[PDB]
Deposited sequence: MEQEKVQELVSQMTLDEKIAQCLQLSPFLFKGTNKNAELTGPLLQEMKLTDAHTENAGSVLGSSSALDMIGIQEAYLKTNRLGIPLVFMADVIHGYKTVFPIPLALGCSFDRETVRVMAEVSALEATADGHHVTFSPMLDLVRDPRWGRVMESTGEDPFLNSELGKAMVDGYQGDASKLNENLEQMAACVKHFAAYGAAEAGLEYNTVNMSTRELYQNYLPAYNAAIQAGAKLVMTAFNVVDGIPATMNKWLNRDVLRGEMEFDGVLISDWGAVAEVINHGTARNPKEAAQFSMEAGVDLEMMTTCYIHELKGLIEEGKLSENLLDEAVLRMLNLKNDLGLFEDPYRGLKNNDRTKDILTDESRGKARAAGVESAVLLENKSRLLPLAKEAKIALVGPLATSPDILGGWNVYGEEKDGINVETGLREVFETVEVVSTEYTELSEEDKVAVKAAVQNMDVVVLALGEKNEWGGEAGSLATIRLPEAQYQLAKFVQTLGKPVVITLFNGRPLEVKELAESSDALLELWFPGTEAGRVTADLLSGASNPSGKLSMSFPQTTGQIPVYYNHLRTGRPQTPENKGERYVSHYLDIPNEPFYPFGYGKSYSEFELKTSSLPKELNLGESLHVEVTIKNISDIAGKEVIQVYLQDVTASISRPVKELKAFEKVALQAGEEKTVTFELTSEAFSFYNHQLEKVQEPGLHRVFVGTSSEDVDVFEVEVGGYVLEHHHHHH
């Protein structure tokens, strides 16, 4: 409807209505993803509630919205939000696995299928993408990030927004698309010691340099909402951090949508010690520009008094309400509140076979082949497989942050494998035990067969929100099982399922091959069977570093040099940055992964010199020199050798996953704009300095050729 008619609705609402418009509730409070409050809610509140989160189906939505609209004075429908993180009913790989795809289109398609399905079940908004930079795999929520690189995260974040939303300015018309909500603003992933909800602290320069850019990229691509974070940012809970949410989010990032609090985050500023009571919480959150309080009541019980007493301007409340109605209008809810459903059952769009094929393709793009000694893999279709371990038959392959997908529709590893291989003998074991009976049964299966598929992994409940692990290891009984299997003298493939980097040194050393499938989602067992038999060829690269040991954390590829770097020419000298007991290198680095193919790359002649403000054009010719078709991820990194700030030894600035038939050769070009060469300085200005840069072209952060470009002269 016209902007004038929306603006008129704000004029017409009472104070109590405007207040309750800023409240979101779970469906069970209308006629959980967070702890529950005595909310002292009344009909006056529920009947003017702004939003519902967590509806369980289309029927739930229609029932709630109809009842609500019978009894709402002005005809303002509810907006319905949901956690669709890595799929709705067709579950795709967890986002950390999608990070490892290095494939923007895989990520967009995931989001598009997610939206297709979620809009079918009544959902208008998804609480995705999660754009938190992660350097600490103790934290359970790494599974939700695409990993340790700002650039990759930025790029995949835009891909998710574009997939969920399409053209943002046509969400009133395109009703298989939905609104994206960027979370969690900001820097939540830096939780101290990987402990859930724990203190975050870094300098404002670092926040800008590495922690904000991905939210910013998603905002600038048109993400309709932003969600606040649970953590302090420089000592102030993000939810009532005026500087962060007014100066940065609304000012510098020019964000003009709805700012929804995370679950109880408005009330929690009390626990955090930056508000004495719900009256103070409310005032501070509304001053900071939080528009929508998720499942707490500080606003409804306190805004009136704050405004009547003059401690808060009612203009702040009117702008929140206006952003709330503008959203609803952007989704076309004033002309169709059921958003395509009312007369048109879309159950047919949910869990189609086409969608399953897309999830499966996502799986095989995202898995990461870490070891493959002696061309153990791919296996022949007639290989006789002993399939053993806690992930042989476990249906727990859909991953964390799976609110809507069902395990009964998922494909386990055994089922996946029997579709492809004629001879399979299974011995399932428990996640945390290794009994003598297990060992006898394992030994018999392995004696019968020719190759072992050892299926190891985490339960998904060991990560996600409030799934922090101090030691990033599998249960010891799984390391014992891999050590037992190894004594049996048959080649072993370990297929590892998990949601965070783990200490995998002992697994790599106890097996011939190691494949990291993360949690692929609905099609897990087929993803696994296709990669193992070679129908698909592994093409994923690590988006997060796999530490030598828990105590190496944080370790990441974009790290600073220090004043005493370890060089191969000072090996064994005492006075160098090193540990006494481990290497400085992570066990597996960012951008690392194997293939059944072999590639050669050649970078075209680059200029020695470049002007400031000028783009560097990087041309790369890649050939598949093997007889197996496959995909390689070309990666381009930049380093700034001398700067007014100590800059990282490398930073990814471009990537492209190139598909190549056997013998096939392609050329790809990359533009590194002058923004790629820029950084935040001491005074927090985004700057470009004359000087030397090194450009690295290759297939990991370690397997690269190096080139020198001198930037100076005049400015373009």
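Q: Going from the first residue of the deposited sequence to the last, where are the unmodelled runs?
A: Gaps in the modelled chain, taken against the deposited sequence, lie at 32-38, 45, 725-731.
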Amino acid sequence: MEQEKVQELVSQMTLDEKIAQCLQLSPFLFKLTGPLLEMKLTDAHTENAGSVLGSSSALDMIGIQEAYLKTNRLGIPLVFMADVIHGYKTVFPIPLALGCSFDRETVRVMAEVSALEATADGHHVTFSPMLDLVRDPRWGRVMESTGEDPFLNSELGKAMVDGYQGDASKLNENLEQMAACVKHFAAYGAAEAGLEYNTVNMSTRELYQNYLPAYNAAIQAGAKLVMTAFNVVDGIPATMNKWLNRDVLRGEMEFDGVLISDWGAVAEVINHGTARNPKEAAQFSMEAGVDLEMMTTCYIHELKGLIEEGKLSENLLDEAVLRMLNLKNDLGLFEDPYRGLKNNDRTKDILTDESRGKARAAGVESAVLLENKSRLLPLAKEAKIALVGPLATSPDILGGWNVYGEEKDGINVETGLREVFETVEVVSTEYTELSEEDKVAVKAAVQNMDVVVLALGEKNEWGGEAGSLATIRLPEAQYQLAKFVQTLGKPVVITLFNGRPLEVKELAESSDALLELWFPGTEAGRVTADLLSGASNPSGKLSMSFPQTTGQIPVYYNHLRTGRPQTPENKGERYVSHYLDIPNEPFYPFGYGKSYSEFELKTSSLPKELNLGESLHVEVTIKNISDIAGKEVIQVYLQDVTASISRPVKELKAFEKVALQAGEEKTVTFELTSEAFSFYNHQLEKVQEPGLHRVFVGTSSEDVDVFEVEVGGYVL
From here on, numbers count along this sequence of modelled residues.
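Q: Is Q209 unbuilt in at least a third of the other PDB entries compared?
A: Looking at the other entries that model residues on either side of it, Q209 is present in every one.
Q: Among the other PDB entries compared that flank it on both sides, is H617 unmodelled in a third or more?
A: Modelled in all the others, so no.
Q: Of the two stretches 3-11 and 707-715, which shows the higher Cα B-factor on average in the entry?
A: Taking the mean B-factor of the alpha carbons in each, 3-11 is higher.
Q: Out of 172-180 and 484-492, which stretch has the higher average CA B-factor listed in the record?
A: Between 484-492 and 172-180, it is 172-180 that shows the higher mean C-alpha B-factor.
Q: In this PDB entry, which of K348, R246, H123, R135 has the top CA B-factor?
A: Across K348, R246, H123, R135, the entry lists the biggest C-alpha B-factor for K348.
Q: Per the entry's Cα B factor values, which of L74, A392, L517, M253 stands out as the maximum?
A: By C-alpha B-factor in the record, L74 ranks first.
Q: Taking the values exactly as deposited, rank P501 by C-alpha B-factor within its chain and report the matching third: lowest, middle or highest.
A: Lowest third, going by the recorded CA B-factors of the chain.
Q: Going by the CA temperature factor in the PDB record, which third of the chain does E675 belong to: lowest, middle or highest?
A: Within its chain, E675 is a middle-third residue by C-alpha B-factor, going by the deposited values.
Q: Hey, what third does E365 fall into on Cα B-factor, ranked over its chain?
A: Middle third by C-alpha B-factor.
Q: Where does the C-alpha B-factor of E656 rank in its chain, lowest, middle or highest third?
A: Middle third by C-alpha B-factor.
Q: Splitting the chain's C-alpha B-factors into thirds, which one does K623 fall into?
A: It falls in the top third of the chain.
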